[PDB]
Amino acid sequence: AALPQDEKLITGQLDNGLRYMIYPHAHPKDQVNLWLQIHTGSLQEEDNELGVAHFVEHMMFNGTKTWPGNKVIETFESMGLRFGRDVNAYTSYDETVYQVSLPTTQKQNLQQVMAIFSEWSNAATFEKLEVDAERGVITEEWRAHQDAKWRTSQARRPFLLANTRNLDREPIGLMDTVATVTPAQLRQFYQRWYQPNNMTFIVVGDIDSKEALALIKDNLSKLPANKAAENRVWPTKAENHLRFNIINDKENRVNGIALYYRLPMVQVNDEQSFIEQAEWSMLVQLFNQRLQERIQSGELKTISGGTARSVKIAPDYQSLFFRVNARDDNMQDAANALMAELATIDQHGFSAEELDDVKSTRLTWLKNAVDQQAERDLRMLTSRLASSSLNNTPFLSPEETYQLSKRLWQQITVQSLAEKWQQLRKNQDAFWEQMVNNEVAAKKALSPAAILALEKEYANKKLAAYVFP
Ligand SMILES: [Cl-]
Ligand SMILES: [Cl-]
């Protein structure tokens with residue numbers, strides 16, 4: 001049974017195939033976000049196109065038919081719109097998005113911005129001199145972003161992205177492709193993927209339905225009805241092997257231990273998939289709740305903190321990890337705390353009071369989210385709608401989210417979660433990870449045999465059931 005989209009959301013398609021999504025919002029008043037979403041990122045690049053989706057994105061600000069060279073930037077600047085502030089763009093594995101935020105009070109400026117979007121759609125020129133200028137830009141940005149977080153992501157990457165197309169398609173690409181790719185090759189990718197049926201224009205902000213629909217139709221319906229190439233899908237394959245990693249980086253600020261599981265990610269488009277996602281989310285929250293209760297009650301002063309989280313790793317896949325942050329260089333205490341909590345849940349699961357508290361506090365938040373919906377952050381709301389568009393999943397209103405949760409969560413029990421926990425714990429696609437920032441913590445890090453001997457020790461213990469306070 002298909003989920004309804006927010007009552008206030010306006011969706012549709014122009015005759016040329018371009019899709020649009022309009023959502024009214026008046027916080028801040030007289031502000032609108034205009035985003036052009038290309039449903040193609042780095043995943044679709046051929047072996048000789050590594051970083052071309054990202055290079056194409058940069059080329060939108062360096063020449064169009066009406067605005068050659070720096071004229072697109074000079075036009076935005078004449079309307080008080082600055083690159084990196086009001087005007088932005090990004091390329092990910094899944095998409096390329098072009099973003100403009102401006103007031104709604106100057107109608108000629110709204111029209112001017114729409115005229116620029118029309119030319120980014122099919123009239124970018126890729127001038128030789130401009131392409132050559134951007135090679136240096138991309139090369140410098142590639143080096144600049146190589147910080148501790150990037151080095152940690154690079155080290156985790158083979159473990160986290162095993163058997164994904166994402167592993168071979170990091171958006172920055174190769175500097176050797178950036179240096180040699182011809183303007184004709186950049187033009188080829190652009191004309192292959194930048195066609196109306198692979199585009200969604202998103203309007204979020206303080207504009208009425210009639211005016212927003214007219215902005216789109218008056219400026220984007222004349223784009224020729226060309227069909228883009230089909231976006232290919234690479235199904236992620238399980239890696240039924242337990243792996244181990246130690247990330248040693250002196251610039252990282254937190255030492256700790258984590259267990260990562262990799263599993264399919266269901267798209268929330270019906271009642272059954274809404275329940276499946278809610279069960280993984282609740283297992284994650286219940287873990288977090290128990291750890292925080294043990295820390296605040298004073299039971300765990302041997303550790304600093306920790307979390308459980310789910311992360312998207314590919315269009316069809318996710319990782320669920322359980323992390324405990326170490327107190328200084330005390331790697332043994334971190335491992336002990338994590339293993340002890342995972343084994344306690346293995347043996348007794350969660351209580352009816354623990355689940356009842358997670359549900360009631362989430363419903364309280366959801367109810368208040370309905371009451372305060374007019375005050376939602378514009379940027380966050382635009383991002384959620386862009387995400388629904390990318391995943392072809394219904395964009396639920398705060399009211400639908402609240403009503404669905406109140407009704408569908410009654411199918412979530414201590415028994416249904418115990419089943420899901422046992423399934424997750426038998427998942428062979430897993431890896432242990434430790435993070436160290438000095439040679440004392442590095443010497444203290446557990447080797448793989450020690451990790452598993454600690455797991456066996458806890459598995460064979462008759463551990464006591466946790467009692468919700
Ligand atoms: Cl990247
Ligand atoms: Cl194994």
# chains A, B, ... in the order shown; residues from 1 in each chain; ligands from 1
>>> closest_atom_pairs(of="chain A", to="ligand 1", cutoff="8 Å", atoms="only C-alpha atoms and all ligand atoms", output="CSV")
residue,atom,partner,partner_atom_place_in_ligand_line,distance
A:92,CA,ligand 1,1 (Cl),7.5
A:142,CA,ligand 1,1 (Cl),7.9
A:170,CA,ligand 1,1 (Cl),4.8
A:171,CA,ligand 1,1 (Cl),4.0
A:172,CA,ligand 1,1 (Cl),3.9
A:173,CA,ligand 1,1 (Cl),6.8
>>> residues_near_ligand(ligand="ligand 2", cutoff="10 Å", atoms="only C-alpha atoms and all ligand atoms", output="list in words")
residues 239, 240, 241, 242, 243, 427, 428, 429, 430 and 431 of chain A
>>> residues_around(residues="stretch 283-299 of chain A", least_positions_apart="5", cutoff="9 Å", atoms="only C-alpha atoms", output="list in words")
residues 278, 304, 305, 306, 307, 308, 309, 310, 320, 321, 322, 324, 337, 341, 342, 345, 350, 354, 355, 358, 417, 420, 421, 466, 468 and 469 of chain A
>>> write_last_selection(atoms="N, CA, C and O atoms", output="JSON list (two decimals), in the first residue's frame")
[["chain", "number", "residue", "atom", "x", "y", "z"],
["A", 278, "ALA", "N", 11.81, 1.73, 10.19],
["A", 278, "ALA", "CA", 11.54, 2.11, 11.58],
["A", 278, "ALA", "C", 12.16, 1.12, 12.58],
["A", 278, "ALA", "O", 12.61, 1.53, 13.65],
["A", 304, "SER", "N", 34.40, 7.39, 27.20],
["A", 304, "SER", "CA", 33.95, 8.78, 27.06],
["A", 304, "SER", "C", 32.52, 8.90, 26.51],
["A", 304, "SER", "O", 31.75, 9.74, 26.98],
["A", 305, "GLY", "N", 32.19, 8.06, 25.54],
["A", 305, "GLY", "CA", 30.88, 8.04, 24.92],
["A", 305, "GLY", "C", 30.76, 6.95, 23.88],
["A", 305, "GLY", "O", 31.47, 5.94, 23.95],
["A", 306, "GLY", "N", 29.87, 7.16, 22.93],
["A", 306, "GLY", "CA", 29.64, 6.21, 21.84],
["A", 306, "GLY", "C", 28.30, 6.40, 21.18],
["A", 306, "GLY", "O", 27.45, 7.14, 21.69],
["A", 307, "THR", "N", 28.11, 5.74, 20.01],
["A", 307, "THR", "CA", 26.88, 5.82, 19.21],
["A", 307, "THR", "C", 26.65, 4.60, 18.32],
["A", 307, "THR", "O", 27.56, 3.82, 18.05],
["A", 308, "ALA", "N", 25.42, 4.46, 17.85],
["A", 308, "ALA", "CA", 24.99, 3.49, 16.86],
["A", 308, "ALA", "C", 24.37, 4.36, 15.77],
["A", 308, "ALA", "O", 23.73, 5.38, 16.08],
["A", 309, "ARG", "N", 24.63, 4.02, 14.52],
["A", 309, "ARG", "CA", 24.14, 4.80, 13.39],
["A", 309, "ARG", "C", 24.03, 3.96, 12.15],
["A", 309, "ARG", "O", 24.75, 2.97, 11.99],
["A", 310, "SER", "N", 23.14, 4.38, 11.25],
["A", 310, "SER", "CA", 22.98, 3.81, 9.93],
["A", 310, "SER", "C", 23.47, 4.86, 8.94],
["A", 310, "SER", "O", 23.25, 6.05, 9.13],
["A", 320, "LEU", "N", 25.21, -0.35, 9.21],
["A", 320, "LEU", "CA", 24.80, -0.11, 10.58],
["A", 320, "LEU", "C", 26.03, -0.36, 11.44],
["A", 320, "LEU", "O", 26.58, -1.47, 11.42],
["A", 321, "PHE", "N", 26.52, 0.67, 12.14],
["A", 321, "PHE", "CA", 27.67, 0.51, 13.02],
["A", 321, "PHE", "C", 27.38, 0.80, 14.49],
["A", 321, "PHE", "O", 26.50, 1.61, 14.81],
["A", 322, "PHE", "N", 28.17, 0.19, 15.38],
["A", 322, "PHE", "CA", 28.06, 0.36, 16.83],
["A", 322, "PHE", "C", 29.43, 0.77, 17.32],
["A", 322, "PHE", "O", 30.38, 0.01, 17.20],
["A", 324, "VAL", "N", 32.01, 2.75, 20.37],
["A", 324, "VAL", "CA", 32.30, 3.16, 21.73],
["A", 324, "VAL", "C", 33.61, 3.97, 21.67],
["A", 324, "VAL", "O", 34.63, 3.47, 21.19],
["A", 337, "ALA", "N", 33.37, -2.37, 26.99],
["A", 337, "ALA", "CA", 32.05, -1.71, 27.01],
["A", 337, "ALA", "C", 31.19, -2.08, 25.80],
["A", 337, "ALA", "O", 30.00, -2.39, 25.98],
["A", 341, "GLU", "N", 27.83, -4.61, 25.93],
["A", 341, "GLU", "CA", 26.51, -4.12, 25.53],
["A", 341, "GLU", "C", 25.90, -4.95, 24.40],
["A", 341, "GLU", "O", 24.70, -5.20, 24.42],
["A", 342, "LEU", "N", 26.71, -5.38, 23.43],
["A", 342, "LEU", "CA", 26.23, -6.19, 22.30],
["A", 342, "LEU", "C", 25.79, -7.58, 22.77],
["A", 342, "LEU", "O", 24.76, -8.07, 22.33],
["A", 345, "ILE", "N", 22.34, -7.46, 24.83],
["A", 345, "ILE", "CA", 21.21, -7.39, 23.89],
["A", 345, "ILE", "C", 21.02, -8.77, 23.23],
["A", 345, "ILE", "O", 19.87, -9.19, 23.02],
["A", 350, "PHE", "N", 15.54, -6.06, 24.29],
["A", 350, "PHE", "CA", 15.06, -4.82, 24.90],
["A", 350, "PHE", "C", 13.78, -5.07, 25.65],
["A", 350, "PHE", "O", 13.02, -5.96, 25.27],
["A", 354, "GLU", "N", 11.49, 0.00, 27.69],
["A", 354, "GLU", "CA", 12.53, 0.63, 26.88],
["A", 354, "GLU", "C", 11.99, 1.00, 25.49],
["A", 354, "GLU", "O", 12.25, 2.10, 25.00],
["A", 355, "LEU", "N", 11.23, 0.07, 24.86],
["A", 355, "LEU", "CA", 10.61, 0.28, 23.54],
["A", 355, "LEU", "C", 9.47, 1.31, 23.64],
["A", 355, "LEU", "O", 9.38, 2.19, 22.79],
["A", 358, "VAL", "N", 10.97, 4.80, 23.77],
["A", 358, "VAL", "CA", 11.48, 5.23, 22.46],
["A", 358, "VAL", "C", 10.30, 5.73, 21.59],
["A", 358, "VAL", "O", 10.36, 6.85, 21.09],
["A", 417, "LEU", "N", 11.76, -6.96, 17.15],
["A", 417, "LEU", "CA", 13.11, -6.40, 17.23],
["A", 417, "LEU", "C", 14.16, -7.45, 17.63],
["A", 417, "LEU", "O", 15.30, -7.36, 17.19],
["A", 420, "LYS", "N", 15.01, -9.25, 14.42],
["A", 420, "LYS", "CA", 15.85, -8.39, 13.60],
["A", 420, "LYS", "C", 17.27, -8.28, 14.15],
["A", 420, "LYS", "O", 18.23, -8.27, 13.36],
["A", 421, "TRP", "N", 17.41, -8.20, 15.49],
["A", 421, "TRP", "CA", 18.71, -8.18, 16.16],
["A", 421, "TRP", "C", 19.46, -9.49, 15.92],
["A", 421, "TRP", "O", 20.65, -9.46, 15.58],
["A", 466, "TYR", "N", 19.10, -5.80, 31.46],
["A", 466, "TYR", "CA", 19.11, -4.38, 31.78],
["A", 466, "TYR", "C", 17.72, -3.94, 32.22],
["A", 466, "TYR", "O", 16.72, -4.34, 31.61],
["A", 468, "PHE", "N", 15.23, -0.71, 32.71],
["A", 468, "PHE", "CA", 14.94, 0.68, 32.37],
["A", 468, "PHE", "C", 14.60, 1.46, 33.66],
["A", 468, "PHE", "O", 13.80, 0.97, 34.46],
["A", 469, "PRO", "N", 15.26, 2.62, 33.92],
["A", 469, "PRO", "CA", 14.98, 3.36, 35.18],
["A", 469, "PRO", "C", 13.64, 4.09, 35.17],
["A", 469, "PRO", "O", 13.24, 4.67, 34.16]]
>>> closest_residue(among="A:13, A:351, A:248, A:416", to="residue A:438", atoms="only C-alpha atoms")
A:248
>>> residues_around(residues="residue A:216", least_positions_apart="5", cutoff="9 Å", atoms="only C-alpha atoms", output="compact mmCIF listing (two decimals) with N, CA and C atoms, in the first residue's frame")
# COMPACT_ATOMS: atom_id res chain seq x y z
N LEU A 14 6.77 18.69 -17.41
CA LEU A 14 6.52 19.53 -18.58
C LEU A 14 6.46 18.56 -19.78
N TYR A 20 9.12 18.66 -12.04
CA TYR A 20 9.21 19.78 -11.10
C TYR A 20 8.56 19.42 -9.79
N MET A 114 16.10 32.21 -13.55
CA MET A 114 15.45 31.15 -14.34
C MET A 114 16.06 31.04 -15.75
N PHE A 201 13.40 20.19 -11.50
CA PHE A 201 13.58 21.56 -11.03
C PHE A 201 12.78 21.67 -9.71
N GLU A 211 2.40 31.46 -9.53
CA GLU A 211 3.64 32.14 -9.86
C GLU A 211 4.80 31.16 -10.03
N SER A 221 10.02 25.06 -20.52
CA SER A 221 9.23 24.23 -21.44
C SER A 221 9.75 24.27 -22.89
>>> select_by_dssp(residues="stretch 226-439 of chain A", states="helix (DSSP H, G or I)", output="ChimeraX atom specification")
/A:271-296,331-348,352-371,373-375,378-391,398-411,414-425,439
>>> residues_around(residues="stretch 440-448 of chain A", least_positions_apart="3", cutoff="12 Å", atoms="only C-alpha atoms", output="PyMOL selection string")
chain A and resi 242-250+254-258+326-336+431-437+451-455
>>> write_last_selection(atoms="C-alpha atoms", output="mmCIF file, in the first residue's frame")
data_model
loop_
_atom_site.group_PDB
_atom_site.id
_atom_site.type_symbol
_atom_site.label_atom_id
_atom_site.label_comp_id
_atom_site.auth_asym_id
_atom_site.auth_seq_id
_atom_site.Cartn_x
_atom_site.Cartn_y
_atom_site.Cartn_z
ATOM 1 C CA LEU A 242 34.654 -10.622 8.764
ATOM 2 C CA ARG A 243 37.335 -7.927 8.341
ATOM 3 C CA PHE A 244 39.537 -5.968 10.759
ATOM 4 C CA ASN A 245 41.068 -2.481 10.499
ATOM 5 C CA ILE A 246 43.075 -0.041 12.638
ATOM 6 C CA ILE A 247 43.067 3.616 11.506
ATOM 7 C CA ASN A 248 46.202 5.349 12.757
ATOM 8 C CA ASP A 249 46.027 9.168 12.278
ATOM 9 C CA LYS A 250 47.745 11.617 14.682
ATOM 10 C CA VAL A 254 38.849 10.509 19.229
ATOM 11 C CA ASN A 255 40.174 6.976 19.906
ATOM 12 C CA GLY A 256 37.708 4.086 19.869
ATOM 13 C CA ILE A 257 36.287 0.805 18.575
ATOM 14 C CA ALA A 258 33.376 0.119 16.211
ATOM 15 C CA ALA A 326 37.748 5.446 24.393
ATOM 16 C CA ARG A 327 38.784 7.387 27.503
ATOM 17 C CA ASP A 328 42.262 8.624 26.358
ATOM 18 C CA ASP A 329 44.260 5.546 25.101
ATOM 19 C CA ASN A 330 42.260 2.925 27.066
ATOM 20 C CA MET A 331 41.411 0.651 24.086
ATOM 21 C CA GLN A 332 40.650 -2.365 26.357
ATOM 22 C CA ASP A 333 37.892 -0.508 28.269
ATOM 23 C CA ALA A 334 36.276 0.704 24.997
ATOM 24 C CA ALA A 335 36.298 -2.867 23.546
ATOM 25 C CA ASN A 336 34.972 -4.235 26.906
ATOM 26 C CA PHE A 431 34.187 -5.439 10.009
ATOM 27 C CA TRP A 432 35.832 -4.408 13.307
ATOM 28 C CA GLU A 433 37.517 -1.028 13.368
ATOM 29 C CA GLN A 434 39.766 0.788 15.841
ATOM 30 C CA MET A 435 40.892 4.416 15.629
ATOM 31 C CA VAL A 436 44.219 5.466 17.222
ATOM 32 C CA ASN A 437 45.970 8.894 17.278
ATOM 33 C CA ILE A 451 38.735 -8.957 19.828
ATOM 34 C CA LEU A 452 37.135 -12.366 19.140
ATOM 35 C CA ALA A 453 38.443 -13.899 22.424
ATOM 36 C CA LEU A 454 36.713 -10.981 24.213
ATOM 37 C CA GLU A 455 33.506 -11.695 22.245
#
>>> select_by_dssp(residues="stretch 85-136 of chain A", states="strand (DSSP E)", output="number ranges by chain")
A: 87-91, 96-103
>>> write_last_selection(atoms="N, CA, C and O atoms", output="short mmCIF file (atom, residue, chain, number, x, y, z; two decimals), in the first residue's frame")
data_model
loop_
_atom_site.label_atom_id
_atom_site.label_comp_id
_atom_site.auth_asym_id
_atom_site.auth_seq_id
_atom_site.Cartn_x
_atom_site.Cartn_y
_atom_site.Cartn_z
N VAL A 87 24.77 31.10 -4.30
CA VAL A 87 24.89 30.24 -5.47
C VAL A 87 25.87 29.13 -5.14
O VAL A 87 26.98 29.41 -4.68
N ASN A 88 25.47 27.88 -5.35
CA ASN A 88 26.32 26.72 -5.04
C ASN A 88 25.99 25.58 -5.97
O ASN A 88 24.94 25.60 -6.61
N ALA A 89 26.85 24.56 -6.01
CA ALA A 89 26.61 23.36 -6.81
C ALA A 89 27.40 22.23 -6.20
O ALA A 89 28.39 22.50 -5.52
N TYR A 90 26.99 20.98 -6.42
CA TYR A 90 27.73 19.83 -5.92
C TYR A 90 27.51 18.65 -6.84
O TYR A 90 26.45 18.55 -7.46
N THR A 91 28.48 17.73 -6.85
CA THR A 91 28.42 16.48 -7.59
C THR A 91 28.65 15.35 -6.61
O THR A 91 29.63 15.36 -5.86
N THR A 96 23.98 15.60 -9.64
CA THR A 96 24.64 16.89 -9.78
C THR A 96 23.52 17.89 -9.50
O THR A 96 22.46 17.79 -10.12
N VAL A 97 23.73 18.79 -8.55
CA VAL A 97 22.68 19.75 -8.17
C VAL A 97 23.22 21.17 -8.24
O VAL A 97 24.33 21.43 -7.74
N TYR A 98 22.41 22.10 -8.82
CA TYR A 98 22.72 23.52 -9.00
C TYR A 98 21.75 24.32 -8.15
O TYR A 98 20.53 24.14 -8.28
N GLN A 99 22.29 25.13 -7.23
CA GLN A 99 21.48 25.78 -6.19
C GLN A 99 21.58 27.29 -6.17
O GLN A 99 22.68 27.84 -6.22
N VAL A 100 20.41 27.95 -6.11
CA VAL A 100 20.31 29.40 -5.98
C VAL A 100 19.22 29.70 -4.90
O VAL A 100 18.12 29.15 -4.96
N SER A 101 19.55 30.56 -3.94
CA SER A 101 18.64 31.06 -2.91
C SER A 101 18.61 32.58 -3.10
O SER A 101 19.66 33.21 -3.14
N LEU A 102 17.42 33.15 -3.28
CA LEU A 102 17.29 34.59 -3.49
C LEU A 102 15.95 35.09 -2.94
O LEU A 102 15.05 34.27 -2.74
N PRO A 103 15.76 36.42 -2.75
CA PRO A 103 14.44 36.92 -2.34
C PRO A 103 13.40 36.73 -3.45
O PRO A 103 13.76 36.62 -4.63
#
>>> residues_around(residues="stretch 193-197 of chain A", least_positions_apart="3", cutoff="9 Å", atoms="only C-alpha atoms", output="PyMOL selection string")
chain A and resi 13-14+16-19+38-40+120-122+188-190+200+220+223-231
>>> write_last_selection(atoms="N, CA, C and O atoms", output="JSON list (two decimals), in the first residue's frame")
[["chain", "number", "residue", "atom", "x", "y", "z"],
["A", 13, "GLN", "N", 5.25, 17.13, -14.58],
["A", 13, "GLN", "CA", 6.22, 17.08, -15.66],
["A", 13, "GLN", "C", 5.79, 18.02, -16.78],
["A", 13, "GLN", "O", 4.60, 18.13, -17.08],
["A", 14, "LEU", "N", 6.77, 18.69, -17.41],
["A", 14, "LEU", "CA", 6.52, 19.53, -18.58],
["A", 14, "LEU", "C", 6.46, 18.56, -19.78],
["A", 14, "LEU", "O", 6.94, 17.43, -19.65],
["A", 16, "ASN", "N", 8.22, 18.36, -22.38],
["A", 16, "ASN", "CA", 9.58, 17.96, -22.76],
["A", 16, "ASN", "C", 10.18, 16.89, -21.82],
["A", 16, "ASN", "O", 11.28, 16.42, -22.07],
["A", 17, "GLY", "N", 9.47, 16.52, -20.75],
["A", 17, "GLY", "CA", 9.91, 15.49, -19.82],
["A", 17, "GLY", "C", 10.55, 15.97, -18.53],
["A", 17, "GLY", "O", 10.85, 15.14, -17.66],
["A", 18, "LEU", "N", 10.80, 17.29, -18.40],
["A", 18, "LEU", "CA", 11.40, 17.86, -17.19],
["A", 18, "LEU", "C", 10.39, 17.75, -16.04],
["A", 18, "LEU", "O", 9.24, 18.13, -16.21],
["A", 19, "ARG", "N", 10.84, 17.25, -14.88],
["A", 19, "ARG", "CA", 9.98, 17.11, -13.72],
["A", 19, "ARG", "C", 10.14, 18.33, -12.83],
["A", 19, "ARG", "O", 11.18, 18.99, -12.87],
["A", 38, "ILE", "N", 20.17, 17.13, -11.53],
["A", 38, "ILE", "CA", 20.49, 16.20, -12.61],
["A", 38, "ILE", "C", 20.57, 14.86, -11.93],
["A", 38, "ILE", "O", 21.36, 14.71, -11.01],
["A", 39, "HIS", "N", 19.80, 13.87, -12.40],
["A", 39, "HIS", "CA", 19.76, 12.55, -11.77],
["A", 39, "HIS", "C", 20.94, 11.65, -12.17],
["A", 39, "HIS", "O", 20.78, 10.42, -12.28],
["A", 40, "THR", "N", 22.12, 12.28, -12.38],
["A", 40, "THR", "CA", 23.36, 11.60, -12.77],
["A", 40, "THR", "C", 24.52, 12.28, -12.06],
["A", 40, "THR", "O", 24.63, 13.51, -12.08],
["A", 120, "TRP", "N", 21.94, 26.47, -18.30],
["A", 120, "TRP", "CA", 22.76, 25.41, -17.70],
["A", 120, "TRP", "C", 22.23, 24.06, -18.21],
["A", 120, "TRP", "O", 23.01, 23.13, -18.39],
["A", 121, "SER", "N", 20.90, 23.97, -18.46],
["A", 121, "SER", "CA", 20.22, 22.77, -18.94],
["A", 121, "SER", "C", 20.71, 22.23, -20.30],
["A", 121, "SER", "O", 20.75, 21.01, -20.45],
["A", 122, "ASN", "N", 21.03, 23.12, -21.28],
["A", 122, "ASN", "CA", 21.44, 22.70, -22.63],
["A", 122, "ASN", "C", 22.35, 23.69, -23.41],
["A", 122, "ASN", "O", 22.64, 23.43, -24.58],
["A", 188, "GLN", "N", 30.42, 15.85, -24.56],
["A", 188, "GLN", "CA", 29.79, 14.55, -24.82],
["A", 188, "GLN", "C", 29.04, 14.03, -23.58],
["A", 188, "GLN", "O", 27.88, 13.62, -23.72],
["A", 189, "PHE", "N", 29.67, 14.06, -22.39],
["A", 189, "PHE", "CA", 29.03, 13.63, -21.14],
["A", 189, "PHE", "C", 27.81, 14.51, -20.86],
["A", 189, "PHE", "O", 26.73, 14.00, -20.59],
["A", 190, "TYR", "N", 28.00, 15.84, -20.96],
["A", 190, "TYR", "CA", 26.96, 16.85, -20.78],
["A", 190, "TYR", "C", 25.74, 16.59, -21.66],
["A", 190, "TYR", "O", 24.62, 16.57, -21.15],
["A", 200, "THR", "N", 14.98, 17.40, -12.67],
["A", 200, "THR", "CA", 13.93, 17.83, -11.77],
["A", 200, "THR", "C", 14.30, 19.22, -11.29],
["A", 200, "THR", "O", 15.41, 19.42, -10.79],
["A", 220, "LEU", "N", 11.36, 26.86, -18.90],
["A", 220, "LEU", "CA", 11.97, 25.53, -19.12],
["A", 220, "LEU", "C", 11.21, 24.64, -20.08],
["A", 220, "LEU", "O", 11.71, 23.57, -20.41],
["A", 223, "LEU", "N", 12.89, 23.90, -23.77],
["A", 223, "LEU", "CA", 14.05, 23.01, -23.91],
["A", 223, "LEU", "C", 13.64, 21.83, -24.81],
["A", 223, "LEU", "O", 12.58, 21.25, -24.56],
["A", 224, "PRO", "N", 14.42, 21.49, -25.87],
["A", 224, "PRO", "CA", 14.02, 20.37, -26.75],
["A", 224, "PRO", "C", 13.83, 19.05, -26.00],
["A", 224, "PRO", "O", 14.58, 18.75, -25.06],
["A", 225, "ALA", "N", 12.83, 18.27, -26.43],
["A", 225, "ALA", "CA", 12.44, 16.99, -25.82],
["A", 225, "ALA", "C", 13.44, 15.85, -26.08],
["A", 225, "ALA", "O", 13.03, 14.73, -26.39],
["A", 226, "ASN", "N", 14.73, 16.11, -25.90],
["A", 226, "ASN", "CA", 15.75, 15.07, -26.06],
["A", 226, "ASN", "C", 15.70, 14.14, -24.83],
["A", 226, "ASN", "O", 15.32, 14.57, -23.73],
["A", 227, "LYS", "N", 16.00, 12.86, -25.06],
["A", 227, "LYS", "CA", 16.02, 11.82, -24.05],
["A", 227, "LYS", "C", 17.47, 11.60, -23.63],
["A", 227, "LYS", "O", 18.35, 11.44, -24.50],
["A", 228, "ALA", "N", 17.73, 11.58, -22.32],
["A", 228, "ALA", "CA", 19.08, 11.30, -21.82],
["A", 228, "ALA", "C", 19.32, 9.80, -21.94],
["A", 228, "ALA", "O", 18.37, 9.04, -22.20],
["A", 229, "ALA", "N", 20.58, 9.35, -21.76],
["A", 229, "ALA", "CA", 20.92, 7.92, -21.74],
["A", 229, "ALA", "C", 20.31, 7.35, -20.45],
["A", 229, "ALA", "O", 20.05, 8.12, -19.52],
["A", 230, "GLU", "N", 20.05, 6.03, -20.39],
["A", 230, "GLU", "CA", 19.48, 5.47, -19.17],
["A", 230, "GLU", "C", 20.53, 5.33, -18.08],
["A", 230, "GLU", "O", 21.66, 4.91, -18.36],
["A", 231, "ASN", "N", 20.18, 5.71, -16.85],
["A", 231, "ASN", "CA", 21.10, 5.58, -15.71],
["A", 231, "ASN", "C", 21.17, 4.11, -15.36],
["A", 231, "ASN", "O", 20.14, 3.48, -15.16]]
>>> closest_atom_pairs(of="stretch 207-312 of chain A", to="stretch 387-406 of chain A", cutoff="9 Å", atoms="only C-alpha atoms", output="Markdown table")
| residue | atom | partner | partner_atom | distance |
| --- | --- | --- | --- | --- |
| A:267 | CA | A:393 | CA | 6.7 |
| A:268 | CA | A:393 | CA | 6.2 |
| A:269 | CA | A:393 | CA | 5.3 |
| A:270 | CA | A:394 | CA | 8.9 |
| A:271 | CA | A:404 | CA | 8.3 |
| A:274 | CA | A:404 | CA | 8.5 |
| A:275 | CA | A:405 | CA | 8.8 |
| A:278 | CA | A:405 | CA | 8.6 |
>>> write_last_selection(atoms="C-alpha atoms", output="tab-separated table (two decimals), in the first residue's frame")
chain	number	residue	atom	x	y	z
A	267	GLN	CA	13.39	2.54	0.00
A	268	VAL	CA	10.40	3.78	2.09
A	269	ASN	CA	7.53	3.78	-0.48
A	270	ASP	CA	4.87	1.62	1.33
A	271	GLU	CA	3.68	0.41	4.81
A	274	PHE	CA	8.12	2.10	6.45
A	275	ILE	CA	8.07	-0.58	9.25
A	278	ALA	CA	11.54	2.11	11.58
>>> atom_distance(atom1="atom CA of residue A:51", atom2="atom CA of residue A:135")
11.0 Å
>>> atom_distance(atom1="atom CA of residue A:70", atom2="atom CA of residue A:130")
9.2 Å
>>> closest_residue(among="A:462, A:384, A:71, A:165", to="residue A:347", atoms="only C-alpha atoms")
A:462
>>> closest_residue(among="A:233, A:199, A:178, A:113", to="residue A:50", atoms="only C-alpha atoms")
A:178
>>> atom_distance(atom1="atom CA of residue A:186", atom2="atom CA of residue A:41")
13.6 Å
>>> closest_residue(among="A:145, A:107, A:232, A:312", to="residue A:212", atoms="only C-alpha atoms")
A:107
>>> residues_around(residues="residue A:236", least_positions_apart="4", cutoff="12 Å", atoms="only C-alpha atoms", output="PyMOL selection string")
chain A and resi 160-167+262-265+313-318+429
>>> write_last_selection(atoms="C-alpha atoms", output="PDB file, in the first residue's frame")
ATOM      1  CA  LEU A 160      32.771   0.028   3.765  1.00  0.00           C
ATOM      2  CA  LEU A 161      32.346   0.091  -0.055  1.00  0.00           C
ATOM      3  CA  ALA A 162      33.364  -3.512  -0.967  1.00  0.00           C
ATOM      4  CA  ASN A 163      31.436  -4.710  -4.109  1.00  0.00           C
ATOM      5  CA  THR A 164      29.824  -1.283  -4.824  1.00  0.00           C
ATOM      6  CA  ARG A 165      30.152   0.768  -8.062  1.00  0.00           C
ATOM      7  CA  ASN A 166      30.783   3.707  -5.558  1.00  0.00           C
ATOM      8  CA  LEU A 167      34.184   2.131  -4.691  1.00  0.00           C
ATOM      9  CA  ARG A 262      26.621  -3.945   5.788  1.00  0.00           C
ATOM     10  CA  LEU A 263      23.088  -4.738   4.594  1.00  0.00           C
ATOM     11  CA  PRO A 264      20.482  -3.849   1.891  1.00  0.00           C
ATOM     12  CA  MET A 265      18.760  -0.498   2.257  1.00  0.00           C
ATOM     13  CA  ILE A 313      26.872   3.338   1.298  1.00  0.00           C
ATOM     14  CA  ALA A 314      25.358   2.797  -2.214  1.00  0.00           C
ATOM     15  CA  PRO A 315      21.833   3.456  -3.813  1.00  0.00           C
ATOM     16  CA  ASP A 316      20.659  -0.043  -2.603  1.00  0.00           C
ATOM     17  CA  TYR A 317      22.828  -0.456   0.533  1.00  0.00           C
ATOM     18  CA  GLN A 318      23.598   0.718   4.045  1.00  0.00           C
ATOM     19  CA  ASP A 429      29.231  -8.875   6.034  1.00  0.00           C
TER      20      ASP A 429
END
>>> closest_residue(among="A:125, A:75, A:106, A:277", to="residue A:191", atoms="only C-alpha atoms")
A:125
